[PDB]
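In case you want the letters, here they are:
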Protein chains: 2
Amino acid sequence: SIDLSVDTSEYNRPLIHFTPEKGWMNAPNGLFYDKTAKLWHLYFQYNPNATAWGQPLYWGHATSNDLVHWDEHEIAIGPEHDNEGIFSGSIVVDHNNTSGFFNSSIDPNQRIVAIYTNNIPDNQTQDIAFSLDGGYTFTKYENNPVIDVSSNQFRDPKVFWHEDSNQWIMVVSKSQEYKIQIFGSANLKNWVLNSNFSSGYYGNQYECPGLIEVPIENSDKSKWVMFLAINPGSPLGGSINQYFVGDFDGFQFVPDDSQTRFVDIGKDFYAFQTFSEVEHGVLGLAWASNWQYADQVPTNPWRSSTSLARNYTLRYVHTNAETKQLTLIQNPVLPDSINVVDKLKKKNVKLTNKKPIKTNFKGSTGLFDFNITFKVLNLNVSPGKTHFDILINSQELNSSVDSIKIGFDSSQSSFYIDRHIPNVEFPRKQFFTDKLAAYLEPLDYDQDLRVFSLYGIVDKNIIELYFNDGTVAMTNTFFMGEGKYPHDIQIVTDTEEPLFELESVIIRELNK
Amino acid sequence: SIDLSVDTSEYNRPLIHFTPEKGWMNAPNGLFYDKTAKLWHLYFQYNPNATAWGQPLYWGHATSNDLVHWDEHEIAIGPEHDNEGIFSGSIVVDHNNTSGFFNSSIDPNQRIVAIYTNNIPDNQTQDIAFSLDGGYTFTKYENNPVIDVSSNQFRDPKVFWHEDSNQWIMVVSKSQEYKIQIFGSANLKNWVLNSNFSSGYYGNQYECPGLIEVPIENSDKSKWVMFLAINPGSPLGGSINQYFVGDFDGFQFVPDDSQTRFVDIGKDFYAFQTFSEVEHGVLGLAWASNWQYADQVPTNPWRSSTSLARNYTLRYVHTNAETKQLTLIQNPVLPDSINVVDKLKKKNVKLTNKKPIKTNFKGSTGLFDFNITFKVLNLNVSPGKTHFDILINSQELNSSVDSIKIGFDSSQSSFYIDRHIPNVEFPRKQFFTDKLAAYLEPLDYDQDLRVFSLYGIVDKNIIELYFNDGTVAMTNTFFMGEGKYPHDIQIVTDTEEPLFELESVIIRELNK
Ligand SMILES: *[C@@H]1O[C@H](CO)[C@@H](O[C@@H]2O[C@H](CO)[C@@H](O[C@@H]3O[C@H](CO)[C@@H](O)[C@H](O)[C@@H]3O)[C@H](O)[C@H]2NC(C)=O)[C@H](O)[C@H]1NC(C)=O
Ligand SMILES: *[C@@H]1O[C@H](CO)[C@@H](O[C@@H]2O[C@H](CO)[C@@H](O)[C@H](O)[C@H]2NC(C)=O)[C@H](O)[C@H]1NC(C)=O
Ligand SMILES: *[C@@H]1O[C@H](CO)[C@@H](O[C@@H]2O[C@H](CO)[C@@H](O)[C@H](O)[C@H]2NC(C)=O)[C@H](O)[C@H]1NC(C)=O
Ligand SMILES: OC[C@H]1O[C@@](CO)(O[C@H]2O[C@H](CO)[C@@H](O)[C@H](O)[C@H]2O)[C@@H](O)[C@@H]1O
Ligand SMILES: OC[C@H]1O[C@@](CO)(O[C@H]2O[C@H](CO)[C@@H](O)[C@H](O)[C@H]2O)[C@@H](O)[C@@H]1O
Ligand SMILES: *[C@@H]1O[C@H](CO)[C@@H](O)[C@H](O)[C@H]1NC(C)=O
Ligand SMILES: *[C@@H]1O[C@H](CO)[C@@H](O)[C@H](O)[C@H]1NC(C)=O
Ligand SMILES: *[C@@H]1O[C@H](CO)[C@@H](O)[C@H](O)[C@H]1NC(C)=O
Ligand SMILES: *[C@@H]1O[C@H](CO)[C@@H](O)[C@H](O)[C@H]1NC(C)=O
Ligand SMILES: *[C@@H]1O[C@H](CO)[C@@H](O)[C@H](O)[C@H]1NC(C)=O
Ligand SMILES: *[C@@H]1O[C@H](CO)[C@@H](O)[C@H](O)[C@H]1NC(C)=O
Ligand SMILES: *[C@@H]1O[C@H](CO)[C@@H](O)[C@H](O)[C@H]1NC(C)=O
Ligand SMILES: [Zn+2]
């Protein structure tokens, strides 16, 4: 039952991360681009009747021309009964009408088919539905389900057209068997199981798989990347996304190695999905929370945002001094529709305890970004001082300032976040990990000096960090006290002489 | 250079975890049992000259008849020069004198050979040394090194006799190539490279591998388990140990699957090694710290303990409701030579906010264990109350009590620890993760009610937790304020009616 009396929006509703106006949101679904309308479509696991997961569960729907400003629509798909759910799935555009649902009056770029998990008591099946109006309303296929294996742990179909083998491909999870199942189909209705894939960090269950061709930077080559969500049992606690790099022939995915790697090593990036019908590269986003505490965080009358849309590539990067690995790179999608309210620019700054960088903006939108390239100098300092810190400070409210801290330690070659906020309490905060680290090799070397970069964006209750031009991504929510939100940024150190040179510093106040 | 002026031993030196009397300890080495003398041997990476890592670096040495009472000996092996180190390695007993070092005056069970990494500037090699006095003094082999591949990233040899292929086997890490190399030898001097193994979570580097037959519970069969340390780049930050289950023929290790699993999901369990010459089962221990902060924790005039000795088996356990996996099990070695100073024993207690469990012991050793079997009842409580907490409280000093918290949440089916202690500060505490969790399936079901077990031991500055009879292990150090150490244990809940029934509760104060 949503309490419309208490609205936390003013201080903790993100400006450029999608949130439903009210109710509960989890996994993003049916992500696609309408080439005719030039519209991005976001669907999502949606309970409008509470700020927690519940059935009946629907596909919510929003559209955007630029992946930052969203317009929320009426519910797109709903269950047959109150004790049922339209669980996760995906959308394809059936340009050549292989499904037989579309006539000449439906533009080929708008021949929209949803493939989703129908959840009923003791049964999960893969069902389809078609939209004749650009993805706003759907008709369920008469002969659903299209796949039934008599299981209650069988969900999250990601479907794509595979040109090379001239067929539809589904990757779907046999969740508690720890198997990604690869099915093939000529018409999206009649499916054949081609192979099973089992690898990486199993945790409790497999969920929301994905399989897509990702370009290698500065080349004409590409690799197939298999995405996989696990929850619970993440090594960081709760829910997390992992990936595998290799090749696909339409029947089997063959990884290049047997290594485990995570997509994002924050706590709050789960159920990642890619957009269908992108013409250049790979774009996707995730649900920006963690199953451990998502339904308890102090937001109202909604819970959950998505991450920003991110652009995915592969790059050879040093994982140690000697060895390079083909690694998943992600950078945020931030178009010119984002307004810069104010900015601080500094160059070649030798950081010390008497030379802090402090923003002095007139007001605050609660939306900021910081772009920093730094070099570690050859200075011996005591071990408590081998670091610098970016402080994100609230306004002073009732005599107190709340803040979160993003730092780098030169002795550990590791970034860290501390999202610990004194006095803010909510159920299951025992699982709300406060301190997270990311080890990185230098981005570059300036003679013998190690060079690193960091891009960060803060949007009222969520922070996204991208280290070394997207080599590592870390997504984390944070909850300041009632009425408090980000207002100013400081960069500080305790070193008396310079250990860090900030070659370039850009801190901007942004708005929609 | 160690200050003997300040000694923290009284409040934070463990009683039954080995610590050097003074200086720095990291990885355990040369672990073996002398069947003739009936003595367990522990060697360790040792810097006597500071409470941080430094060269010259030695093998320290201690012995025990029972794996809890340790006698520290003279340094066993030292480097040729001050800018060199005797890095990690292992010991075997050359019963049949394959090496030719041992005549009829040396009992077969005492034909002790150390295989270790010799660290010199820009070079790491595998060297051997032999002991004619039961492992107290060593003579380096005159034709060292026994393996040189012209690398400065080539270390941590674990050697064993393989009967099936009638040869010595060495597993060693080509650290920055992410390879465990398997070599073979008739005589411990002349080696042949047989295979390279690469899998699991790579992080920054491969270190301290092991390969051993682990018995399957209730069976005469076993599996080959490959152990692997990575540091830095643990998904929990810093250093961690992982394992692989499969088969070995003397030349190649073949895992049964391609899954990644960690040995211990605490922050402070690294460089795990197994004892040689164990006749019943598999025994091992690790370094009980994390490279991120190990050299900064507030102990003096030593830093670091080992973990307890643990007993390793394989058991088929539910990782989800549907599926069992052959899983590494570990339980602590705690013999009857440990005195029970006092204990609290309770049976069939329905836990509520008016019925807390509280120890009322006359004094404190700072050494306690708690053994609990609990059951989750069918009670609906508000989301903030779906849990119970074990509080480990210091004595009141300067008007405050320091505490650490171990809990279970029935909504998340997860254990958690909070080792956050306010007002205790030390360098690199930004990496000192305070909140850790572990998801488990129930140990058993009583009709429809979920049953779980938990064994924990607190030894002044270290806590070891074993969930569901050793299904999951979690090791963490903790640092209370100056003079404070564990004094009393409480078990509490906020539920007004019973959510948890404690079938069995045993809390003991222990001593040497
Ligand atoms: C680690 O745990 C294992 C159990 O998984 C323990 O192994 C058991 O150890 C006892 C000896 O302590 C063995 O009993 C012996 O059996 C032989 C004949 O089978 C008999 O001749 C001896 O008199 C003795 O009773 C027992 O068989 C063995 N169990 C298994 C399954 O191997 C081991 O002791 C534990 N180690 C420590 C130090 O706690
Ligand atoms: C995501 O990144 C890719 C490049 O890595 C961008 O792709 C380029 O897009 C332009 C048109 O916008 C094309 O003319 C180029 O040929 C593309 N390059 C490659 C190598 O494909 C893509 O535009 C990015 N998308 C977003 C939304 O940022
Ligand atoms: C962060 O800063 C870097 C500059 O250091 C930006 O990268 C440059 O982007 C421009 C386009 O705006 C390119 O022409 C340059 O070649 C890039 N140079 C470098 C140094 O990368 C980057 O776009 C910034 N990131 C943001 C705003 O998110
Ligand atoms: O809304 C269901 C949708 O979410 C996912 C991924 O988060 O599964 C979540 O919800 C399920 C039902 O409560 C849980 O079984 C699952 O553990 C949880 O992650 C998708 O798998 C599913 O389609
Ligand atoms: O003492 C060296 C010994 O420790 C290990 C494992 O912890 O390596 C540690 O020390 C090395 C030298 O400082 C580092 O290169 C390494 O990263 C660190 O883990 C063993 O690998 C080594 O034999
Ligand atoms: C849930 O929300 C839907 C969509 O607005 C509404 O029509 C329905 O009555 C609600 N049902 C329950 C059981 O709350
Ligand atoms: C084509 O489909 C549309 C639905 O969009 C329907 O109204 C029309 O009658 C159909 N007939 C044609 C165009 O063949
Ligand atoms: C894939 O897994 C399913 C479910 O366990 C099984 O029925 C099927 O035979 C497997 N198929 C292949 C080709 O491995
Ligand atoms: C280091 O310790 C050893 C062994 O106790 C000692 O003999 C040596 O002099 C010390 N060296 C330095 C450099 O302090
Ligand atoms: C055996 O070795 C011992 C110890 O090194 C030595 O005292 C003795 O001379 C040796 N015996 C023979 C026959 O060489
Ligand atoms: C094993 O790795 C080593 C070192 O990288 C390499 O030279 C050797 O050829 C490899 N051997 C095999 C059998 O792969
Ligand atoms: C804990 O309790 C169980 C069941 O009573 C017992 O068998 C076990 O030995 C105990 N564990 C320890 C480490 O004392
Ligand atoms: Zn605090």
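Quick word on the packing of aromatic side chains
All names here are of chain A.
Okay, so step 1: Evaluated as defined, the whole model comprises 104 aromatic pairs over all chains.
Okay, so step 2: Consider the rings of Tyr33 and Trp40, whose centres lie 4.6 Å apart with planes at 50°: the pair is tilted.
Okay, so step 3: With relative accessibility at 19%, the residue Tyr33 sits in the buried group.
Okay, so step 4: Among the residues examined, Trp40 registers a relative accessible area of 12% and is labelled buried.

Points about the coordination of the zinc ion (ligand 13)
Okay, so step 1: The protein atoms donating to the zinc ion (ligand 13) are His420(A) (NE2) and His420(B) (NE2), with metal-donor distances spanning 2.5 to 2.6 Å. Highlighted residues: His420(A) in the loop between β28 (414–418) and β29 (435–439) and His420(B) in the loop between β28 (414–418) and β29 (435–439), drawn from two different chains.

Focus: the sheet that holds strand β8 (residues 139–140) of chain A
Residue and element names in this part refer to chain A.
Okay, so step 1: If you trace the four strands from one edge of the open sheet to the other, you get β5-β6-β7-β8, paired in antiparallel fashion. Since the sheet does not close on itself, it has two edges, and those belong to β5 (85–93) and β8, each with one partner.
Okay, so step 2: Alignment of β5 against strand β6 (residues 112–120), held across seven bridges, turns out to be antiparallel. Paired with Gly89 across the two strands is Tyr116, which belongs to β6.

Describing the site of ligand 1
All names here are of chain B.
Okay, so step 1: With respect to spatial proximity, the complete set of residues near ligand 1 consists of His280, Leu283 and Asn311.
Okay, so step 2: Between ligand 1 and the protein, one listed contact pairs an oxygen atom with a side-chain N or O atom of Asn311 at 2.3 Å.
Okay, so step 3: Isolated, ligand 1 exposes 750 Å² of accessible area, and the fraction of that covered by the protein chains is 28%.

Focus on the domain arrangement of chain A
Residue and element names in this part refer to chain A.
Okay, so step 1: Taken as a whole, chain A is organised into domain 1 (1–335) and domain 2 (336–512).
Okay, so step 2: For domain 1 versus domain 2, the distance between C-alpha centres works out to 31 Å.
Okay, so step 3: Of the residues lining the interface, 49 residues belong to domain 1; the matching set on domain 2 comes to 43 residues.
Okay, so step 4: With both chains or domains summed, domain 1 and domain 2 bury close to 3,700 Å², and 57% of this area falls on carbon and sulfur atoms.
Okay, so step 5: When residues of domain 1 are sorted by the area they lose upon contact with domain 2, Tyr11, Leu15 and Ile265 head the list and together hold 19% of the total.
Okay, so step 6: Our count for the contact surface shared by domain 1 and domain 2 stands at three salt bridges.
Okay, so step 7: The partner of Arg428 in a salt bridge is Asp295, and the shortest N-O contact between them spans 2.8 Å.
Okay, so step 8: For the pair domain 1 and domain 2, the interface holds 31 residue pairs in polar contact.
Okay, so step 9: Sorting the residues of the side of domain 1 that touches domain 2 by element identifies α1 (9–12), β21 (310–318) and β22 (324–332) as the ones contributing at least two each.

Some words on the relation of the copies chain A and chain B
A rotation about an axis combined with a shift along that same axis relates the two copies of the chain.
Okay, so step 1: Between the two copies, chain A and chain B, the superposition gives an RMSD of 0.2 Å; the rotation angle is 180° and the shift along the axis is 0.0 Å. These values place the two chain copies in the arrangement generated by a two-fold rotation axis.
Okay, so step 2: Of all interface residues in chain A, 100% are interface residues in chain B too; the two copies therefore contact each other through one and the same surface.

Points about the interface of chain A and chain B
Okay, so step 1: Facing the 50 residues of chain A at the interface are 51 residues of chain B.
Okay, so step 2: Taken over both partners, the interface formed by chain A and chain B buries close to 3,900 Å², and the fraction arising from carbon and sulfur atoms is 54%.
Okay, so step 3: Considering only the side of chain A, the residues that lose the most area to chain B are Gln430(A), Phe431(A) and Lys435(A), jointly responsible for 18% of the buried surface there.
Okay, so step 4: Counting every contact that joins chain A to chain B gives two salt bridges.

Analysis parameters
- Residues numbered from 1 in each chain as written, not as in the entry; some residues may be left out.
- Chains lettered and ligands numbered in written order.
- Heavy atoms only, no water.
- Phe/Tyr/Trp six-rings, centres within 6.5 Å; stacked < 30°, edge-to-face > 60°.
- Buried < 20%, exposed > 50% of the residue type's maximum accessible area, 1.4 Å probe, protein only.
- Donors = N, O, S within 2.8 Å, 3.2 Å for Na, K, Ca; no water.
- Helix = DSSP H or I, 4+ residues; strand = E, 2+ residues; numbered from the N terminus.
- Pairing = 2+ DSSP bridges.
- Near = heavy atom within 4 Å.
- Polar contact = N/O pair within 3.5 Å; in protein donor to acceptor, adjacent residues only side chain to side chain.
- Areas by Shrake-Rupley, 256 points an atom, 1.4 Å probe, with all protein chains shown as cover.
- Domains from an automatic or database assignment.
- Contact = heavy atoms within 4.5 Å.
- Buried area = accessible area lost by both parts, 1.4 Å probe.
- Salt bridge = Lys/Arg side-chain N within 4 Å of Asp/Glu carboxyl O.
- Least-squares fit on C-alpha atoms.

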